[PDB]
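File shown: data25.csv (CSV, C-alpha atoms).
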```
chain,number,residue,atom,x,y,z
T,1,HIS,CA,51.4,-26.2,81.2
T,2,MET,CA,52.5,-28.0,77.9
T,3,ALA,CA,50.3,-29.0,75.0
T,4,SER,CA,49.9,-31.7,72.4
T,5,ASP,CA,47.4,-31.6,69.5
T,6,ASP,CA,48.8,-34.2,67.2
T,7,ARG,CA,47.2,-34.5,63.7
T,8,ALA,CA,46.8,-37.3,61.2
T,9,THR,CA,43.9,-36.3,58.9
T,10,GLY,CA,45.2,-35.7,55.4
T,11,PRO,CA,43.8,-37.1,52.1
T,12,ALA,CA,46.1,-38.3,49.4
T,13,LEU,CA,44.7,-39.9,46.2
T,14,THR,CA,44.7,-39.1,42.5
T,15,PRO,CA,41.2,-38.0,41.2
T,16,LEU,CA,40.4,-39.0,37.7
T,17,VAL,CA,37.1,-39.2,35.9
T,18,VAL,CA,36.8,-38.6,32.1
T,19,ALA,CA,34.9,-40.4,29.4
T,20,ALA,CA,33.4,-38.9,26.3
T,21,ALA,CA,33.9,-39.8,22.6
T,22,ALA,CA,31.2,-40.0,20.0
T,23,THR,CA,29.5,-38.2,17.1
T,24,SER,CA,26.1,-37.8,15.4
T,25,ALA,CA,25.2,-36.8,11.8
T,26,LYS,CA,22.5,-38.9,10.2
T,27,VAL,CA,18.7,-38.9,9.5
T,28,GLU,CA,16.6,-35.8,8.7
T,29,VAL,CA,17.9,-34.3,5.4
T,30,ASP,CA,16.5,-33.2,2.0
T,31,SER,CA,12.8,-32.7,1.2
T,32,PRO,CA,10.3,-34.0,-1.4
T,33,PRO,CA,9.4,-31.9,-4.5
T,34,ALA,CA,5.9,-30.4,-4.6
T,35,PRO,CA,3.9,-31.6,-7.7
T,36,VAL,CA,2.4,-28.9,-9.9
T,37,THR,CA,0.3,-28.8,-13.0
T,38,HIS,CA,-1.3,-26.1,-15.1
T,39,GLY,CA,-4.0,-26.1,-17.7
T,40,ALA,CA,-7.4,-24.2,-17.7
T,41,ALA,CA,-9.2,-23.0,-20.8
T,42,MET,CA,-11.0,-19.8,-19.8
T,43,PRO,CA,-14.7,-19.9,-20.9
T,44,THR,CA,-15.0,-17.3,-23.6
T,45,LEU,CA,-18.2,-15.3,-24.1
T,46,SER,CA,-19.1,-13.2,-27.1
T,47,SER,CA,-20.2,-9.6,-26.3
T,48,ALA,CA,-23.9,-9.4,-27.0
T,49,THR,CA,-25.1,-6.4,-29.0
T,50,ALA,CA,-27.7,-4.2,-27.4
T,51,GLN,CA,-28.7,-0.6,-27.1
T,52,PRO,CA,-26.8,1.5,-24.4
T,53,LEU,CA,-28.6,1.7,-21.1
T,54,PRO,CA,-30.0,5.1,-20.1
T,55,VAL,CA,-28.0,7.0,-17.5
T,56,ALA,CA,-27.3,10.4,-15.9
T,57,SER,CA,-24.9,12.2,-13.7
T,58,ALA,CA,-24.3,10.2,-10.6
T,59,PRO,CA,-25.0,11.9,-7.3
T,60,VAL,CA,-21.6,12.3,-5.5
T,61,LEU,CA,-18.8,9.8,-6.1
T,62,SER,CA,-20.3,6.5,-5.1
T,63,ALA,CA,-19.8,3.7,-7.6
T,64,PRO,CA,-18.2,0.2,-7.5
T,65,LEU,CA,-14.5,0.2,-7.0
T,66,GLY,CA,-12.9,-0.5,-10.3
T,67,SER,CA,-15.5,1.0,-12.5
T,68,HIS,CA,-14.3,3.5,-15.1
T,69,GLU,CA,-17.4,5.6,-14.5
T,70,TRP,CA,-16.2,6.2,-10.9
T,71,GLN,CA,-12.9,7.4,-12.2
T,72,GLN,CA,-14.4,9.6,-14.9
T,73,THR,CA,-16.8,11.1,-12.4
T,74,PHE,CA,-13.8,11.7,-10.0
T,75,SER,CA,-12.1,13.8,-12.8
T,76,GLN,CA,-15.4,15.6,-13.6
T,77,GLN,CA,-15.7,17.1,-10.1
T,78,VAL,CA,-12.2,18.4,-10.3
T,79,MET,CA,-12.8,20.0,-13.7
T,80,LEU,CA,-15.7,21.8,-12.3
T,81,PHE,CA,-13.7,22.9,-9.2
T,82,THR,CA,-10.9,24.4,-11.4
T,83,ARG,CA,-13.6,26.1,-13.6
T,84,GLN,CA,-15.1,27.8,-10.6
T,85,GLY,CA,-11.8,28.8,-9.3
T,86,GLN,CA,-11.9,26.8,-6.0
T,87,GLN,CA,-9.6,24.0,-5.1
T,88,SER,CA,-10.6,22.8,-1.6
T,89,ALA,CA,-13.8,20.7,-1.3
T,90,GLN,CA,-15.6,17.9,0.5
T,91,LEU,CA,-17.2,14.8,-0.9
T,92,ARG,CA,-19.3,11.8,0.1
T,93,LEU,CA,-17.2,8.7,-0.4
T,94,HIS,CA,-17.2,5.0,0.5
T,95,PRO,CA,-16.6,3.4,2.8
T,96,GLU,CA,-19.7,5.4,3.9
T,97,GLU,CA,-18.1,5.7,7.4
T,98,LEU,CA,-15.7,8.3,5.8
T,99,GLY,CA,-18.7,10.7,5.5
T,100,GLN,CA,-16.6,13.4,3.7
T,101,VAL,CA,-13.0,13.4,2.5
T,102,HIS,CA,-11.1,16.6,2.2
T,103,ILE,CA,-9.9,17.4,-1.2
T,104,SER,CA,-7.3,20.2,-1.3
T,105,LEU,CA,-5.8,20.9,-4.7
T,106,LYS,CA,-3.0,23.4,-4.4
T,107,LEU,CA,-2.0,25.6,-7.3
T,108,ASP,CA,1.4,27.0,-8.1
T,109,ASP,CA,2.8,28.2,-11.4
T,110,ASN,CA,1.1,25.6,-13.6
T,111,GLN,CA,1.4,22.6,-11.4
T,112,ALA,CA,-1.3,21.4,-9.0
T,113,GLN,CA,-0.6,19.5,-5.8
T,114,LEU,CA,-3.6,17.3,-5.0
T,115,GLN,CA,-3.9,16.5,-1.3
T,116,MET,CA,-6.6,14.3,0.1
T,117,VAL,CA,-7.4,13.1,3.6
T,118,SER,CA,-8.7,9.5,3.7
T,119,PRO,CA,-7.8,6.2,5.4
T,120,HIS,CA,-6.1,3.2,3.7
T,121,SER,CA,-8.6,1.1,1.8
T,122,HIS,CA,-9.2,-0.5,-1.6
T,123,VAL,CA,-10.8,2.8,-2.5
T,124,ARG,CA,-7.3,4.3,-2.7
T,125,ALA,CA,-6.3,1.7,-5.3
T,126,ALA,CA,-8.9,2.8,-7.9
T,127,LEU,CA,-8.7,6.4,-6.7
T,128,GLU,CA,-4.9,6.6,-7.0
T,129,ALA,CA,-5.1,4.8,-10.4
T,130,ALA,CA,-7.4,7.6,-11.5
T,131,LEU,CA,-4.7,10.3,-10.7
T,132,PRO,CA,-2.6,9.6,-13.9
T,133,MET,CA,-5.9,10.0,-15.7
T,134,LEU,CA,-6.8,13.2,-13.9
T,135,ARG,CA,-3.5,14.9,-14.9
T,136,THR,CA,-4.5,14.2,-18.5
T,137,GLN,CA,-7.9,15.8,-18.0
T,138,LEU,CA,-6.5,18.9,-16.2
T,139,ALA,CA,-3.7,19.1,-18.8
T,140,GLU,CA,-6.4,19.9,-21.4
T,141,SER,CA,-7.4,22.9,-19.3
T,142,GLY,CA,-3.8,24.1,-19.1
T,143,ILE,CA,-2.9,23.0,-15.6
T,144,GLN,CA,-0.7,20.1,-14.8
T,145,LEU,CA,-1.3,17.8,-11.9
T,146,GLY,CA,2.3,17.3,-10.6
T,147,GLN,CA,2.2,16.4,-6.9
T,148,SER,CA,-0.3,14.4,-5.1
T,149,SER,CA,-0.7,13.1,-1.5
T,150,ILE,CA,-3.1,10.9,0.4
T,151,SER,CA,-3.2,10.8,4.2
T,152,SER,CA,-5.7,9.5,6.7
T,153,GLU,CA,-4.7,12.2,9.1
T,154,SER,CA,-1.0,12.9,8.4
T,155,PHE,CA,1.7,11.4,6.1
T,156,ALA,CA,4.7,9.8,7.6
T,157,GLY,CA,6.7,6.9,6.2
T,158,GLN,CA,10.4,7.3,7.0
T,159,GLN,CA,11.6,3.9,5.6
T,160,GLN,CA,13.6,3.2,2.5
T,161,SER,CA,15.4,0.0,1.9
T,162,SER,CA,15.5,-2.1,-1.2
T,163,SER,CA,19.1,-3.0,-1.9
T,164,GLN,CA,18.7,-5.9,-4.3
T,165,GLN,CA,18.8,-6.8,-8.0
T,166,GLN,CA,22.4,-7.5,-8.8
T,167,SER,CA,22.8,-9.0,-12.2
T,168,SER,CA,23.4,-8.4,-15.9
T,169,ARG,CA,23.0,-10.0,-19.3
```
The structure given in the file should be rewritten as structure tokens.
Amino acid sequence: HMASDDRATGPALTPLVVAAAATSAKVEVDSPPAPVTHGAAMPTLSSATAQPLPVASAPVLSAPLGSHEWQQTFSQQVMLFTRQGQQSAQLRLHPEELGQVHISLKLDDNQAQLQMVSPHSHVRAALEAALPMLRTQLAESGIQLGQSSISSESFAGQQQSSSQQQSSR
């Protein structure tokens, strides 16, 4: 019977802890200008006169990339194709690993679509550059090379962004 707990535990003090006031903004800024100088002179060399070197029709299209002879030969083969009446053909090309690219020139109205299946290589640079020249050769035969396409297997490049160049005089 009856009861008595009796308490006495009860904290009572003011907590306070704060101290922070400073800044930082010095050192590490600006950069030295890179020195540059131009000059050169370019060693000139007079073209020596001599008799033209004997040649012939090159077997398939295998010449150094950049040579005009390779481009001319590229056009030659197509001229022959259009003369025969064909349009699809194979050809030994470099890099040798290619073994045979598939040339498929399509013909509609008076415009030819040149499709070719080959990987991306420096070969395309000189080959593609020969396309504007080819249209000139074919144009003499009546036909006009309008469309052209190059794919290693299939063509896909859904990407177009070039929002730039905002200025005037």
Please measure the separation of atom CA of residue T:68 and atom CA of residue T:118, giving the value in Å to one decimal.
->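 A separation of 20.5 Å between them.
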Take atom CA of residue T:155 and atom CA of residue T:111 and report the distance between them in Å, one decimal.
->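 About the pair atom CA of residue T:155 and atom CA of residue T:111: they are 20.8 Å apart.
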Selected residue of minimal separation from residue T:136 among T:91, T:13, T:79, T:8, counting only C-alpha atoms =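 Of the candidates, the smallest distance to residue T:136 is held by T:79.
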Rounded to one decimal place, report the atom CA of residue T:148-atom CA of residue T:129 distance in Å.
-> 12.0 Å
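Taking all atoms listed in the file into account, residue T:59 lies nearest to T:73 out of the set T:163, T:46, T:73, T:154.
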Selection as a ChimeraX atom specification: residues within 10 Å of (-6.9, 9.7, -16.5), counting all atoms listed in the file = /T:68,71-72,74-75,129-138
Quick one: what's the axis-aligned box for stretch 141-159 of chain T, all listed atoms, 8 Å on every side, centre and edges in Å to one decimal, as JSON?
```
{"center_x": 2.1, "center_y": 14.0, "center_z": -5.1, "size_x": 35.0, "size_y": 36.2, "size_z": 44.4}
```
